[PDB]
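A structural walkthrough
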Amino acid sequence: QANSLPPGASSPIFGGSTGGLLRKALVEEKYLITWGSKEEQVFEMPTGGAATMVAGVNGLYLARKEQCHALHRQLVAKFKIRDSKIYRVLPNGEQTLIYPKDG
Amino acid sequence: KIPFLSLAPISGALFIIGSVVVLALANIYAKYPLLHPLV
Amino acid sequence: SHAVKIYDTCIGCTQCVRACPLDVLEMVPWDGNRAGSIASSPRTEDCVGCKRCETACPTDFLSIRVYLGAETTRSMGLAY
Amino acid sequence: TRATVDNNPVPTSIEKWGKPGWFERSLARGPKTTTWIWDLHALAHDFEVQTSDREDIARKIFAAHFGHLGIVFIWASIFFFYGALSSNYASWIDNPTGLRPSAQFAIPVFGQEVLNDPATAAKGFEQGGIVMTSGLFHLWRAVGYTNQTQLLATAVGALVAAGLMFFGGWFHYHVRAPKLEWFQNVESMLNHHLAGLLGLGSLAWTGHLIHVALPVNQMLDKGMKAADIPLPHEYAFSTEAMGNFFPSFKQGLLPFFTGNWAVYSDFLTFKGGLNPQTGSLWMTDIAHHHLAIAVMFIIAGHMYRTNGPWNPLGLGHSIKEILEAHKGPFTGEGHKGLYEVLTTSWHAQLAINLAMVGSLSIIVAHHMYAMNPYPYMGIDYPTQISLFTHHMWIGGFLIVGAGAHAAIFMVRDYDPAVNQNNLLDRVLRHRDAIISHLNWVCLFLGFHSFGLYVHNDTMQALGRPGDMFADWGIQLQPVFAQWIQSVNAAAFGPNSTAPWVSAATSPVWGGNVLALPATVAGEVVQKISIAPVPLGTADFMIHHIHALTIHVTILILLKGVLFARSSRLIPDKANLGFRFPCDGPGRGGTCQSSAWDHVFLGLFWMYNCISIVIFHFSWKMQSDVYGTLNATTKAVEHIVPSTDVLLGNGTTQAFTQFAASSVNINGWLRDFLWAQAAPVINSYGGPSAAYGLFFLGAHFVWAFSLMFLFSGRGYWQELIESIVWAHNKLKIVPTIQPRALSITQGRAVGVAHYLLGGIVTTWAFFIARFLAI
Amino acid sequence: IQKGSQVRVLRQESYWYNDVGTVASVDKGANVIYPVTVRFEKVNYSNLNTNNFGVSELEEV
Amino acid sequence: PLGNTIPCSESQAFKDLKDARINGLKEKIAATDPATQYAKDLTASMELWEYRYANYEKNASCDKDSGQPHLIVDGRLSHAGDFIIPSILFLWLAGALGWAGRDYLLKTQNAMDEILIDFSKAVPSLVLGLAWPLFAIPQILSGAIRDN
Ligand code: CLA
Ligand code: CLA
Ligand code: CLA
Ligand code: CLA
Ligand SMILES: CC1=C(/C=C/C(C)=C/C=C/C(C)=C/C=C/C=C(C)/C=C/C=C(C)/C=C/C2=C(C)CCCC2(C)C)C(C)(C)CCC1
Ligand SMILES: CC1=C(/C=C/C(C)=C\C=C\C(C)=C\C=C\C=C(C)/C=C/C=C(C)/C=C/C2=C(C)CCCC2(C)C)C(C)(C)CCC1
Ligand SMILES: CC(C)=CCC/C(C)=C\CC/C(C)=C\CC/C(C)=C/CC1=C(C)C(=O)c2ccccc2C1=O
Ligand code: SF4
Ligand code: SF4
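Analysis parameters
- Residues numbered from 1 in each chain as written, not as in the entry; some residues may be left out.
- Chains lettered and ligands numbered in written order.
- Part of a larger assembly, values for the part shown.
- Heavy atoms only, no water.
- Residues with missing side-chain atoms left out of burial classes, pairs and counts.
- Contact = heavy atoms within 4.5 Å.
- Buried area = accessible area lost by both parts, 1.4 Å probe.
- Salt bridge = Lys/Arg side-chain N within 4 Å of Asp/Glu carboxyl O.
- Polar contact = N/O pair within 3.5 Å; in protein donor to acceptor, adjacent residues only side chain to side chain.
- Pairing = 2+ DSSP bridges.
- Helix = DSSP H or I, 4+ residues; strand = E, 2+ residues; numbered from the N terminus.
- Axes fitted to C-alpha atoms, helices over the stretch in contact; angles between N-to-C directions.
- Core = buried A, V, L, I, M, F, W, Y, C linked by side-chain atoms within 4.5 Å.
- Buried < 20%, exposed > 50% of the residue type's maximum accessible area, 1.4 Å probe, protein only.
- Near = heavy atom within 4 Å.
- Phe/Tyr/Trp six-rings, centres within 6.5 Å; stacked < 30°, edge-to-face > 60°.
- Areas by Shrake-Rupley, 256 points an atom, 1.4 Å probe, with all protein chains shown as cover.
- Nonpolar A, V, L, I, M, F, W, Y, C, P; charged D, E, K, R; others polar.

Deposited coordinates in this entry are attributed by the record to cryo-EM, at a stated resolution of 2.4 Å.

Okay, here's the thing in structure tokens:
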């Protein structure tokens, strides 16, 4: 609904925490990390807890870009996944690429 | 260099305890002065 | 936002981009070293001021200097 | 099972004694700065940064445990040597009430022989001595020590046991050392710590109690002297000597095998509370105690399933099946993963065990003042204040360490692959709710206890004593706690809940003031050991202070545990470690965000907690329990007198001093902290002058901490830059570069000196007050 | 200034201002502003001892 | 007799606390067994106290009012034992330790040798610290090192 994924990305299985999005994600900005995994495996959330991601393309909305870039260094340092791309989602629905800005 | 006694806390601590014992027996031998006697 | 400057003492060791928790920096081609690259910050609106780039810079005094300036939502590091 | 052990991992050599800092990479390169020196000390017992091999880690832990049991046996030998050689125990065994216990004398050098107290001068010890507050003498009298040569024998045996634990450490590290799956059989270690360590330990102590300690205490309470029989009242050949003391059933142990247990009811009894002759628990109840909990601990060590070569043996539980059976709909997948957590993480185990032993030392501190275990100990008031205070401080220390190693598990040993939807993972999914509701209840407790105290200060200052939250004003009575007083006092008689108890649980519940003969120069009976302890409005207020301080120490340590790995501020905090100073001045500032800093802050908040606990104890026991029976008509006079509270009409009403003067902070300042510190500041030129010196030196160490606490290292480093310039000007050049302390070490040095200075201040105050009156 | 020569740092903002260092390698390119690599016996606050300085910031002793 | 200062030979209050201490010691020996190591220690303390009060008498210690000894440190040779002899004794032993440590740093210049003390370079440094002025004063007259 208010946190809809782009088409092609499927949600990882997470049971919901209290450390996630707050009212800023509705009114100022939120962020989206989108990566590609070869299997289903278990990763620590940057906001607390653990989640399971599936094979294919996985997207996650976070309040904060350092939460996304901390998730990205976790995927590199544990699961060798380097195709995370980080978007800044505005509340009107605009999406801009902010990592990799080089490509 | 010798084992375990060349180490700086050991050499240091035996220096402090030896100085305190030499100063202590100096206070016994001089009958615990406040000043140095002149006469 | 915080003000990040790169001086001419840089050696291109690639340790400030890796230690940066935000991807503020990037390497552009340069001629002043043997690595052929110098750090740059065109993403200073996204910097928190955490000074992990300055921790991992191996010179005498640091080629990267971040100056604490005006504070935003992004630079105070708020998830709210 | 089977104890799979490898042979000779580490050769014995002196090739690492000459190389300090061998054990991790940055210290192996050598001293460059002085920071290395402090990094030599702070990492020496962190075996997980030494080697990454969990096998070898468990071996270092095991050899460390043997060396610790060695150093505790060395300390046990040191007080047993001081009991045997330089004591008045040969005359303290005849007078436990008029002779102060001492085991140490100052030698006549430099003027310190005024520290020797004249009231410890007796036969065998004609020097004067330092009065002990440890209760070692009362323990020894309760366990049957009548002579100093058996104290010599125990001292030699404890030195031999220290040597045995050192040889066990050297054997189970360097020579013949077990692998990790031996440590992971938690089933058998629970079964052999319940049935074998606790169970057979208290059964062998029951054996000691019956054979030695109940008859020697019966000889000492019927009225003979130190000339006793250690050996010919023992064993088979003097079985009738067991019948001469408290009637050993019919004949021998043949009542034990035929099952008539009722004839053994004269040294295995269930009577009740305290003996009025000696002020302590009846020794027969203590023996039947240790036997019933011995039985029920060997029963507890028959619970968990262990499979091996024994045929029918192997029925029981695995812990893992129990944990994976307890699931629930609110808590997802429950306790699955906790077996793998507690069998692969040492820090999680140490967190649980430190919480439990700290909580148990706090329970010991309560249960030992209230029900006095050792003869004539409750009348020796510095022992009572010092044992309660000591076990409370050791308990608060191990509870802060519990929070520390739970945070350390969260940094290092937490694996997401183990914790899918268990209790541990779901606690991380609502850590904001836990910490914020804890923040609210700490705010509530602080307002609704300390603002009550502030309100009393304000109303008593304004000339409004009837406006006060007090027993004479707005009453706040402990009606659940008073109802539990009435229940635990009233449950002794016929047609009660427990119909075969003679003298109830404890006299603190509401029944009778107990007293004992004692000399005190040339006086009368006097000296209450124990009394009913009444709860009024001041007790409501002090216990809500206690709830506040416990809850805030919980808030600090539990916020360290749950936000060890990530937050909304620093999401990558687990890569920064347990122990880092900050993540820079940015994002507002991340000063003291690590979980180590939460242990650092919870240390002061534990200090706060336990200081108000022992302050409540000191003046509650002094104002309502301890004191004197007057020679005229059995009147109770406490150590601090009753206060006539002036009312708003003009008349007075008598309260005790606890009830009158801790409704506010002014009476805590005046009647507790100004008034009772008179013997620690006037103690010079006498036997308590060391406590005055320690009072002043501890004020010094406490204030000296505040340099390290309020400042930071960049000041100090550019100051050392000026000092290093002064050193290089005179060709005085350290190769080891002089540095300021690290930020984390400046916090650690400050919290260490703050804790040492405040606790030794209160220690000096407590002993110098309670030796006087 | 070549390999093995003892030099003194003239840079005002250095840790090792007025201190003797050892030249370890000199870069043979002309586009580098600070070619001369100098090791020191003393380490800085970052626990390192090697840095690239220029020719004009160094005095031959 | 200086300002708020009279010496021991005509001070009333010194005589008062001297008589108080010797009388307290007199009834402290007089109430105990002479063969229990307490009485021998208290007669040793009495002999020590008689010698220290006579030492305060003879070498002009100075009291007034409070009766206890006030020290004069302005540089008089009559009160030279107040400050001047422990000044020279301090400068000898402190220059010994400082020069021994400085000479140890000059001869080692090594990081293992600071945390592991080599006694063959430490105890000759201490022996030459015991003769430190003769090797310190020509290096004062020469000059140490040029650094800014
Ligand atoms: C930040 C913390 C810090 C720390 C941990 C240190 C630590 C140390 N410093 Mg130091 N320093 C610092 C800050 C610090 N410093 C600062 C801020 C400055 C000012 C710029 C200095 C300037 C400084 C200097 C100038 C020196 C040190 C030295 C030392 C080392 C002393 C070794 C020792 O004590 O054993 C002491 C060993 C002995 C005293 C040997 C004697 C033992 C004898 C031989 C045994 C036989 C005696 C026998 C038992 C009989 C006893 C009787 C007796 C009276 C003789 C030690 C490792 C000294 C050093 O380098 O090591 C020698 C040294 O010279 N430091
Ligand atoms: C069963 C008890 C137990 C055990 C086995 C451990 C074990 C460990 N702790 Mg821990 N801890 C405990 C209880 C325990 N702790 C308690 C009760 C507290 C609350 C105070 C803490 C709080 C704590 C913190 C905050 C940290 C640890 C850390 C560690 C690890 C390394 C410690 C080290 O290197 O040694 C080094 C020891 C020292 C440098 C000694 C420090 C100076 C002491 C405290 C002063 C002593 C004063 C003395 C008692 C009284 C004055 C005497 C004086 C005047 C002479 C190690 C795994 C550290 C770690 O990094 O974890 C992985 C860590 O930072 N612990
Ligand atoms: C005496 C000094 C002092 C005081 C008053 C406090 C007070 C507080 N601390 Mg603190 N703390 C202290 C020293 C102090 N601390 C020190 C030295 C350290 C260093 C180790 C810390 C470290 C520390 C930590 C790490 C934490 C606290 C927390 C708290 C809060 C606890 C919640 C509570 O008690 O409820 C209520 C508040 C009080 C009891 C304060 C007094 C309130 C008065 C009586 C009411 C005044 C009436 C009215 C408002 C006045 C209006 C006048 C008008 C003119 C303005 C509380 C506000 C914890 C927290 O935030 O939990 C919620 C927290 O985690 N403290
Ligand atoms: C070789 C040892 C040595 C020597 C010659 C000096 C000399 C000096 N110091 Mg220094 N210092 C030392 C060690 C030494 N220090 C150590 C170990 C520390 C850390 C505690 C310091 C901390 C220090 C500070 C903060 C200051 C000085 C200052 C000074 C200068 C003024 C005199 C003074 O204030 O004394 C002061 C001396 C101390 C405070 C340290 C106490 C003495 C130490 C313990 C002696 C070291 C013993 C050493 C181990 C002996 C080795 C024997 C060898 C044969 C094995 C002076 C040139 C002051 C200055 O800059 O003046 C302009 C200044 O403020 N020092
Ligand atoms: C104080 C101390 C000490 C000492 C100790 C001791 C003295 C010891 C001991 C000990 C002992 C002396 C122990 C014991 C024991 C025991 C036991 C463990 C038992 C048992 C048993 C059983 C098993 C039985 C069984 C049975 C039954 C039940 C049924 C019927 C039949 C029969 C009888 C068989 C020392 C100095 C070292 C050090 C410090 C501490
Ligand atoms: C110049 C000099 C000097 C001097 C110094 C000074 C001036 C000082 C001081 C100081 C002060 C001014 C103070 C103090 C203090 C301390 C304290 C206070 C401590 C301690 C400790 C301990 C050891 C502890 C113990 C304990 C515990 C463990 C807990 C409980 C309680 C008790 C106590 C038991 C000297 C002599 C070195 C020498 C020469 C040089
Ligand atoms: C045998 C034996 C005992 C030998 C002793 C070994 C020898 C010879 C010297 C050892 C030097 C000693 C004893 C202490 C140095 C500690 C030091 C440089 C403190 C300055 C400092 C202060 C005052 C702060 O407040 C502070 C606050 C926050 C962060 C950092 C700091 C900080 O860095
Ligand atoms: S201050 Fe922190 S966020 Fe900013 S560029 Fe440096 S490392 Fe990156
Ligand atoms: S600024 Fe520092 S960390 Fe970044 S490339 Fe240059 S030398 Fe390396």
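1. Description of the interface of chain D and chain A
Frequently, the measure chosen for interface size is the accessible area removed from exposure when the parts meet. In this complex, chain D contributes 20 residues to the contact, which on the side of chain A involves 21 residues. For the pair chain D and chain A, the summed buried surface comes to about 1,600 Å²; carbon and sulfur atoms form 46% of the total. Broken down residue by residue, the surface that chain D buries against chain A is led by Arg429(D), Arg568(D) and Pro571(D), which jointly contribute 41%. Linking chain D with chain A are three salt bridges. Our count for the contact surface shared by chain D and chain A stands at 11 residue pairs in polar contact.

2. With respect to the sheet that holds strand β5 (residues 58–60) of chain E
All names here are of chain E. Read from one edge of the open sheet, five strands run β4-β3-β2-β1-β5, paired in antiparallel fashion. The sheet is open, and its two edges are formed by β4 (50–53) and β5, each paired on a single side. Geometrically, the sheet is characterised by an average inter-axis angle of 45° between neighbouring strands, direction not taken into account.

3. Structural notes on the nonpolar core
All names here are of chain D. In this structure, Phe 388, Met 410, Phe 578, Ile 614 and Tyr 626 are the most contacted members of the largest nonpolar core, which totals 105 residues. Here this core takes 16 residues from helix α21 (residues 595–624), the largest share from any one element. Those residues in contact with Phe 578 that sit more than four places away from it in its chain are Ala 404, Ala 407, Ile 408, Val 411, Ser 594, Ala 595, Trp 596 and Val 599. Counting residues in hydrophobic clusters, the runner-up holds 22 residues, among them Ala 84, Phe 137, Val 143 and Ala 155.

4. Details of the site of ligand 1
In the vicinity of ligand 1 there are 24 residues, among which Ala8(B), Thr34(D), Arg739(D), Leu105(F) and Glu114(F) approach most closely. At the site occupied by ligand 1, the surrounding residues belong to chains B, D and F. Between ligand 1 and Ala8(B), the relevant distance is 3.3 Å, taken from an oxygen atom to a main-chain nitrogen or oxygen of the residue. Between ligand 1 and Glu114(F) there is a distance of 2.9 Å, counted from an oxygen atom to a side-chain nitrogen or oxygen. The set of elements that each furnish at least two residues to the shell around ligand 1 consists of α1 (8–29) of chain B, α2 (35–42) and α26 (713–729) of chain D together with α3 (80–108) and α5 (119–129) of chain F. If you tally residues by element for the shell around ligand 1, the top one is α1(B), at seven residues.

5. Re the sheet that holds strand β5 (residues 85–89) of chain A
Residue and element names in this part refer to chain A. Within the open sheet, the four strands sit side by side as β4-β1-β5-β6. Their pairing is antiparallel. A strand with exactly one partner marks an edge of an open sheet, and here the two such strands are β4 (56–62) and β6 (95–99). Neighbouring strand axes in the sheet, compared pairwise and without regard to direction, differ in orientation by 30° on average. Pairing between β5 and β6: four bridges, direction antiparallel. Across the sheet, the residue bridging to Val 89 is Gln 95, located in β6. Helix-sheet contacts for helix α2 (residues 65–79) involve β1 (30–37), β4, β5 and β6, and the interaxial angle to β1 is about 15°.

6. Here's the deal with the pairing of strand β2 (residues 41–44) of chain A
Residues and elements named next belong to chain A. Pairing between β2 and strand β3 (residues 50–53): four bridges, direction antiparallel. For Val 42, the partnering residue across the bridge sits in β3 and is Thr 52. Between β2 and β3, which pair antiparallel and follow one another directly, the connecting turn spans five residues, one of which, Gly 48, has a positive phi of 105°.

7. Regarding the arrangement of the chains
Between all nine pairs of chains that are in contact, chains A and D come out with the most contacts. Between chain B and chain C there is no contact; the minimum C-alpha to C-alpha separation amounts to 32 Å. Chain E makes no contact with chain B, the minimum C-alpha separation between the two being 22 Å.

8. A look at the packing of aromatic side chains
All names here are of chain D. Scanning the model with the defined rule gives 56 aromatic pairs over all chains in all. Aromatic pair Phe 62 and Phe 183: ring centres 5.4 Å apart, planes at 85°, arrangement edge-to-face. Here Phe 183 lies in helix α7 (residues 180–183) and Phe 62 lies in helix α3 (residues 54–85), a separation of 121 residues in the sequence. One exposure class covers both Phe 62 and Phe 183, and it is buried.

9. Observations concerning the site of ligand 6
All names here are of chain D. Taken together, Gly 697, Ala 698, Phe 700, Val 701, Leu 756, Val 760 and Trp 763 make up the full set of residues adjacent to ligand 6. Burial of ligand 6 by the surrounding chains reaches 29%, relative to a free accessible area of 970 Å². Going through the elements one at a time, α25 (689–710) and α27 (743–772) are the ones with two or more residues in the shell around ligand 6. Broken down by element, the shell around ligand 6 gets its largest block of residues, four residues, from α25. The residue makeup of the shell around ligand 6, split by class, is six nonpolar, one polar and no charged.

10. Brief notes about the side chain of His72(A)
Its location among the elements puts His72(A) in helix α2. The contacts of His72(A), once residues within four sequence positions are left out, are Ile33(A), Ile81(A), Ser84(A) and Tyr99(A).

11. A word on the pattern of salt bridges
If you walk through the whole model with that rule in mind, you get 34 salt bridges over all chains. Its salt-bridge partner being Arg52(C), residue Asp572(D) comes within 2.6 Å of it at the nearest N-O pair. Remark: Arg52(C) occurs in helix α1 (residues 52–55) and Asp572(D) occurs in the loop between α19 (537–562) and α20 (573–576); the pair is interchain, linking two chains. Residue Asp572(D) shares its accessibility class with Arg52(C), and that shared class is buried.

12. Section: the environment of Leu25(C)
Residue and element names in this part refer to chain C. As for its placement among the helices and strands, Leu 25 is situated in the loop between β1 (3–6) and β2 (26–29). Accessibility expressed as a relative area gives 3% for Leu 25, which makes it buried. Through-space distance from the C-alpha of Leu 25 to that of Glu 71 is 19 Å; in sequence the pair is 46 residues apart.

13. What about the interface of chain A and chain C?
At the junction of the two partners, chain A supplies 17 residues and chain C supplies 15 residues. Interface area lost by chain A to chain C is led by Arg64(A), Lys65(A) and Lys101(A), which between them contribute 31%. The interface formed by chain A and chain C includes two salt bridges. Put simply, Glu29(A) and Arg74(C) hold a salt bridge, and the shortest N to O gap is 3.4 Å. Among the elements of the structure, α2 and β6 of chain A are those that each provide at least two residues to the side of chain A that touches chain C. Here the side of chain A that touches chain C takes five residues from α2(A), the largest share from any one element. Broken down by class, the residue content of the side of chain A that touches chain C amounts to five nonpolar, two polar and 10 charged.

14. Brief notes about the environment of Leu5(A)
Residue and element names in this part refer to chain A. On the secondary structure map, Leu 5 appears in the segment before α1 (24–27). On the basis of relative accessibility, which here comes to 25%, the residue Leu 5 falls in the partly exposed class. Measuring from C-alpha to C-alpha, the distance between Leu 5 and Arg 64 comes to 17 Å, with 59 residues separating the pair along the chain. Discounting residues that sit within four places of it in the chain, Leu 5 has contacts with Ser 10, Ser 11, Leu 32, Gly 59 and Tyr 61.

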